Amino acid sequence: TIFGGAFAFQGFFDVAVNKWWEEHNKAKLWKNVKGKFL
Amino acid sequence: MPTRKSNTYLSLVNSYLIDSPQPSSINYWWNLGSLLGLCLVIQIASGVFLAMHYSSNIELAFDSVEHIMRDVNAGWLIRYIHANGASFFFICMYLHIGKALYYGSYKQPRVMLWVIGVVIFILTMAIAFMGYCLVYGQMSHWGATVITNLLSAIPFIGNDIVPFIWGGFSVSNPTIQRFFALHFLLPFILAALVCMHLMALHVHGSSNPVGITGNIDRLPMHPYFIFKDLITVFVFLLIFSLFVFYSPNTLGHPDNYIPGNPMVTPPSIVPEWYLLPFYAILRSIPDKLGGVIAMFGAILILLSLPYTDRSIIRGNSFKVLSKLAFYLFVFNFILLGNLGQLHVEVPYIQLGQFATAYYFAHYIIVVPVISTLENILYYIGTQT
Amino acid sequence: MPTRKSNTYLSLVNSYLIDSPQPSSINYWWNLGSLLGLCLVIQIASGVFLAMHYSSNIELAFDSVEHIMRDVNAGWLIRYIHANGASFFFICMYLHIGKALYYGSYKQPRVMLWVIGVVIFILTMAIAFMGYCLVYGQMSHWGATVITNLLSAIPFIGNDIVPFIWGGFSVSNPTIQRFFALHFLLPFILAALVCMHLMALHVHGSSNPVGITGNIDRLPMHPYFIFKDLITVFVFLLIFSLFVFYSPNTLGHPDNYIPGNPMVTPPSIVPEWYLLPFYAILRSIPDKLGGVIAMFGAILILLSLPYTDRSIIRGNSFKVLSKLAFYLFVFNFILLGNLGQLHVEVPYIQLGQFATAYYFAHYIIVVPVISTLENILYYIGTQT
Amino acid sequence: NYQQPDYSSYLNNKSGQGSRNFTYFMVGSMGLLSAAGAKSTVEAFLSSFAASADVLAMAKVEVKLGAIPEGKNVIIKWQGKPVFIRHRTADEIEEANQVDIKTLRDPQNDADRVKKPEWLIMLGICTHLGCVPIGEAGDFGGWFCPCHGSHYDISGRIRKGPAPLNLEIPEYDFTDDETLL
Amino acid sequence: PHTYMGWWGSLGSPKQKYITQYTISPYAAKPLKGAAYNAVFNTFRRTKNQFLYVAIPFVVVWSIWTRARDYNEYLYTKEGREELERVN
Amino acid sequence: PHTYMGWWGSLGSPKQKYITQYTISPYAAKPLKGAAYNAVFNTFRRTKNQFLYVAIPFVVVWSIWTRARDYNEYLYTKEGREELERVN
Amino acid sequence: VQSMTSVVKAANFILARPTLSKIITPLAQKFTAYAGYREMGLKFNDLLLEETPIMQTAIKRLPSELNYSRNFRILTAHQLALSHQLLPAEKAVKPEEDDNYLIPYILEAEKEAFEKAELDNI
Amino acid sequence: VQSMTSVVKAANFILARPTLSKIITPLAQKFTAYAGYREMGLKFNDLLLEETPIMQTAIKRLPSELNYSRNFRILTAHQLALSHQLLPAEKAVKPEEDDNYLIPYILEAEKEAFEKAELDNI
Ligand code: HEM
Ligand code: HEM
Ligand code: HEM
Ligand code: HEM
Ligand SMILES: Cc1cccc2c(-c3cc(C(F)(F)F)ccc3F)nn(Cc3nnn(C)n3)c12
Ligand SMILES: Cc1cccc2c(-c3cc(C(F)(F)F)ccc3F)nn(Cc3nnn(C)n3)c12
Ligand code: FES
């Protein structure tokens, strides 16, 4: 019963943090840099 | 107030060992409890003195054990003490449970205690098996493989839980390291469950052979039952010395001294003797999921025993039919254990199925029926 | 009776956490106790999850640690949690002891508690050091060597006890295996001393900042002080996360990441920060036997503190001179710790000698003299 | 009875339900945030129980294939479990040609149990209480489970014994004289 | 705490005024008064009384076990081979 | 068990008949009544009252430490080399 | 566990028919004799599990003389079990003294409990 | 720890000499004022460590009105510590109100204890 809200909060924070982190660290990530070294 | 009652620690030690009001009529069967405690203690001690020289790594495990045997001073003694003390711990626990069943110490007032005890029993075997997997002998490796494969039978989570417990795609170094850590710890969680068991006992006190209130005649634990515990402890240690020194490997299995390799399967993958009765059930039930369910039920039905025992009289000392049924149950349990170590031969497979059937039928039919019939017989006898 | 009071285990949990009558005036400094417990728990948890992947062998120890860091899922997180949680455990313990000294919780009614606490402290350091030796980094190896060599200073048994603890002629595989086993165990003995400390507390209850009887106004630990404990726990975990994630190695020493080799001595053999105050004493005393004696006395003199505190008033919150002396003692302790990590320079060696001198002088002069003077001042002030 | 102190200032401005609703919302939010944090911590710890990167890297390792006698059963150590790589001759293929829709716990054929008769791959671990079967004692002509005497057919199907399924076929792919897992 | 056992002052026993107890200081009594007679006569009495309840179940279980073991032995000997094939 | 603290029924406190206590259900009171004023004014009051007892020992110890550190730095600098030889 | 009321009801269910009484009563008498409790100085009622609120209530309502006799019988049984000796047939509890003295009180307590449960369940 | 008798003896030792009284009494008054206990509604005697058999005896021997006033003062001090607030100078305990009401009882208890120890030691 409790696990529902806990999982919802976990997913919300995870997706929000992941999006913000990717945008803020955009240029420094491997995914965005690989194209230059291709 | 005496210092043994004012000081909190000495107050507890007093309440449990000095002026604990035990019934005067308790025979030697009531000294097994303390014995078990001693066993646990010695195991822990031996275990610690093995952890100082044992290596959890898979390639070094068996070689480190042999290093203990051959090079470490008294290493052979501690190794054998630990190995045979596991078996002796289970002997004491089986006699413990047999006493509880015979003298009806599982009835209403101590049902809570009973439950805790059952948990301990399960935990204990789930510590013994772990320990047996540490040496990583042929039997160790293949027992770990068999058990972990059986855990795969769970439908929704069994497909991926087995790698989770292994730490890999098969029993390997992660598995042995995991078992070493969990095996060093779980006995210490069990040391807490032992204290919980002792408190659940102390709340209502201990039963007696006569199956009546002990409050009419109580005696302090000390000195009487302290010295009875000393007698049983010296007897236990004398038999333990017999096994440890003069015949240590009889209880174990020779194949465990072969370095384990997954490529070679021993002719008979069989647990140590005191897991045999349960493994027998695991062999009898066709379905793997059903097999594991029945194996754990063979223990958990002890939890239903207090409610299936409709007797109005505690214990069986004064109960003809109940004593007969209990002794037949004990011999059926021994037969089941004996079948556990044999191969899967025709008469043995049918006899194992029948033995499991009767083992469960004991709890779910015989105790109810026998208890009700005996209550009726008592009243209709004394009615005249 | 509510189920929380009839059931024995829920009765105990109620007596300790739910209806425990804590004084209403206890501030946040009284929440460190539970914090320490949490720390221990987390440490044990982390420790167990490290034992499943750590290899006690000397040649595999550091490599296994690096395996935890680089290969085991979340292994870095658990490793850093354990390492920084040792330091945080000692931070909480130092604040715990500081509160005990400041608010006079060491006085008559809880002297028993005090002594158990002191024992725990010693035991804890004798668990921390051992843990630091497991990694077998340069600092780990040379700290083990230094401590074991200092153990040799005992005249009658020091010549041969050192090989006894080593398991050999120098810190080697037997030593690291021995430390791993004893270090896995001693926290679990310490978990028993923690329970003993809790009972020695519960017998007389907990003090309060005002240093007067709390019986006039007590509140149940739940919900008030439970939620205060949650506040301090979340603050502790937030700071612990800062260190674990964003700055884990600042508390540790870089040299510990160098694989240890006895042939190379690092330029500075120094303990982690929280052993510095004691090691400083060990550096200051010329004689090795005298050095170890003074190092352990710096802890054990806390046992003499309750008897040297001749104050008729509990705590320092209303004691000008006592507060001044206590703060000067705290800053002297910090200075001693700071000198602990510095090399042996002329001003530093003289200042360390003076700092140890004043550290012991605190207990053996200042508390007696200051307490008696303050009792006299109170009475001669209020007499008008 | 007597005059109470004036709480006028201390009083909240919320209604009976509003203040209680907000308090319960805050307490529940704290409880569920704690639940989320504990779930994250416990999942991170339990992920340690899972296979480390080393074990994952070691698995899916190719085997040195090549020419071998027809009918001989080679052995490997892919992911710990023995692999019964056998190059069964055309005789085994012909024998497996006899279909079997009955008297077989899981009727199958070499159509799916093997890619080509020149290279047959099958994990040696048995079905009930997984063990390494003997390479020549099978009652059906294939591998035999020594623990229970179970017989494994040349196609890996369970012929007799306590077998709960057929001899597993690893997910190994084939190539030019190589095994590509 | 309605524990059905209390401490020494009140063990939960009912009122038992009219009963008297008698014992001699062990410093004045024999330790081995009944040992010789007990270990033989009393032990045999206990064993005889409790025998049937152990024997009858033991006889039943051991008879079944002997039948099963003898049948298995017969199966694995040559003369039983065919029946081993028939039963399996 | 003459513990100086008992359980709720008898905590060991003396008789306190003529005292009366008053509180409002928290569901009816402000949680933040004094937070704004407290965190500034009250915190500054506590800090000011307790400052001297921390400052005087701190200034003493830090002055001693600074003197020691400066002296050591002078010793290990070239200008102090001779003195380092003299003192050692 | 089984309510004394239920066992008494079953016993009366049997005893009301000589067809079954003539068969079971001899067997019941032999079973009670062989039960071995009489030789220890105990009556059937002494064996009953006291640790039950109904049983405790029934005991508390027991007359003084019966309560003292029961206490002495229990103490004698404990002493005999402790000393591993049994009363001879002369001192043993004869069958006719198994008077079921405690059954009426237990039945009264059971009736009170059943009435409470039945009344509060509507 | 220090016996109240000893501290009273030392205080009278000093006070008997103006040479030291004129120097210390102002310092003692300033130190008691700065002690900070008065602003919390506490008198000196309220701070005394109660958990001592002599002290418990002395409190038990205290008159009803003094005992109730002391209970209220202790409760007020606990409330003030809990609320992190102090009484203003108007509501604070004035210096003249530090009457040392509990000292006579503590001294009587100490005299009784010392007499017991002296008499049983011969
Ligand atoms: C209830 C407690 C315990 C039980 C029932 C138990 C049981 C066992 C058993 C059955 C074995 C197999 C030994 C053999 O096959 O010869 C074993 C081995 C082992 N156990 Fe324990 N164990 C217990 C506690 C411990 C503890 C506390 C430790 C360490 C502190 C430990 C460490 C080991 C080790 C290292 C081995 C293998 C070492 C060797 O055989 O050389 N066990 N245990
Ligand atoms: C494993 C370590 C154990 C310890 C330290 C322990 C301790 C004790 C002790 C000292 C007693 C009282 C004396 C005695 O009964 O011999 C007792 C009673 C009892 N134990 Fe255990 N025991 C253990 C195992 C178990 C287990 C696994 C069970 C599971 C059913 C169990 C069931 C009982 C029962 C039913 C009683 C009550 C006996 C009575 O009232 O006559 N014991 N325990
Ligand atoms: C190491 C784990 C520890 C645990 C689990 C623990 C537990 C507790 C708890 C919960 C309290 C009451 C609340 C509090 O004081 O925070 C307490 C009180 C106390 N502790 Fe500990 N503590 C630990 C460490 C220590 C140590 C090492 C000492 C050594 C001196 C110590 C000295 C005290 C004292 C003097 C008190 C009484 C405080 C008072 O009455 O106000 N504590 N302990
Ligand atoms: C009071 C309890 C404990 C304290 C204070 C403590 C302290 C420490 C410290 C200071 C270190 C040094 C780590 C570093 O230098 O980075 C350490 C390492 C270690 N400790 Fe603990 N420890 C405790 C309990 C435990 C427990 C319960 C276990 C296992 C169950 C354990 C196992 C280890 C291991 C394996 C390491 C080295 C592993 C690694 O760093 O990769 N310790 N400990
Ligand atoms: C070698 C071996 C073969 C088959 C089974 C087992 C077991 C076993 C373990 C459990 C439990 F789930 F509890 F782990 C339950 C039932 C079992 F049959 N264990 N072992 C090794 C062993 N046997 N006895 N010991 C001290 N270890 C086996
Ligand atoms: C690296 C090192 C050097 C010198 C001393 C030490 C100690 C140390 C240990 C003890 C005790 F006897 F208690 F073990 C007492 C005093 C000490 F200075 N320890 N260490 C490693 C370390 N430091 N801090 N930790 C968590 N481990 C040293
Ligand atoms: S070996 Fe157990 S069934 Fe295949």
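Yeah, the Cβs are placed from backbone N, Cα and C, and that goes for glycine too.
Residues or ranges marked as heme b b562 binding site in Swiss-Prot: B:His82, B:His183. Counting Cβ atoms from all protein chains shown, B:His82 (heme b b562 binding site) has 21 others lying within 10 Å of its own Cβ.
As annotated by Swiss-Prot, heme b b566 binding site applies to B:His96, B:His197. Residues near B:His96 (heme b b566 binding site) in space but far in sequence (CB under 8 A, at least 6 apart, same chain), listed by position: B:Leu32, B:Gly33, B:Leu36, B:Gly117.
Beyond its flanks by at least six residues, the transmembrane segment (B:32-52) meets 68, 78-79, 81-82, 85-86, 88-89, 92-93, 95-96, 99, 184, 187-188, 190-191, 194, 229, 232-233, 236 of its own chain at Cβ-Cβ distances under 8 Å. Here Swiss-Prot flags B:32-52 (among others) as transmembrane segment.
Taken from Swiss-Prot, the feature transmembrane segment applies to B:85-105 (among others).
The transmembrane segment annotation in Swiss-Prot covers B:116-136 (among others).
Residues or ranges marked as transmembrane segment in Swiss-Prot (evidence: sequence analysis): B:151-171 (among others).
Among residues of the same chain six or more beyond the transmembrane segment (B:179-199), those with a C-beta under 8 A of the stretch's C-beta atoms are 16, 37, 40, 43-44, 47, 51, 54, 56, 113, 116-117, 119-120, 123-124, 126-127, 130-131, 133-134, 144. Residues annotated as transmembrane segment in Swiss-Prot: B:179-199 (among others).
Look at Swiss-Prot and you will find B:225-245 (among others) tagged as transmembrane segment, backed by sequence analysis. Same-chain neighbours of the transmembrane segment (B:225-245): 17, 22, 26, 28, 30-32, 34-35, 38-39, 77, 80-81, 84-85, 87-88, 92, 219, 251, counting only residues six or more beyond its ends whose CB sits under 8 Å from a CB of the stretch.
The transmembrane segment annotation in Swiss-Prot covers B:289-309 (among others).
The annotation transmembrane segment is assigned in Swiss-Prot to B:324-344 (among others). Listed by sequence, the residues of this chain that lie at least six past the ends of the transmembrane segment (B:324-344) yet keep a Cβ under 8 A from its Cβ atoms are 98, 101-102, 268, 270-271, 273-281, 283, 316, 351-352, 355-356, 358-359, 362, 366-367, 370.
Per Swiss-Prot, the feature transmembrane segment maps to B:350-370 (among others).
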- Mind pulling out the one from B:85-105, B:151-171, B:289-309 with the most Cβ pairs under 8 angstroms to the transmembrane segment (B:116-136)? B:85-105
- Query: Where B:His82 (heme b b562 binding site) and B:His197 (heme b b566 binding site) are concerned, what is their Cα separation in Å, rounded?
  - Reply: 23
- Around the Cβ of B:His183 (heme b b562 binding site), the count of other Cβ atoms that are within 10 Å: 22
- Note on the structure: Cβ contacts within 10 Å for B:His197 (heme b b566 binding site), all chains included, total 22
- Message: I'm trying to understand the geometry here, so how far is the Cα atom of B:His197 (heme b b566 binding site) from the Cα atom of B:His183 (heme b b562 binding site), in Å to the nearest whole number?
- Response: 21
- DSSP, reduced to three states, assigns B:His96 (heme b b566 binding site) to helix
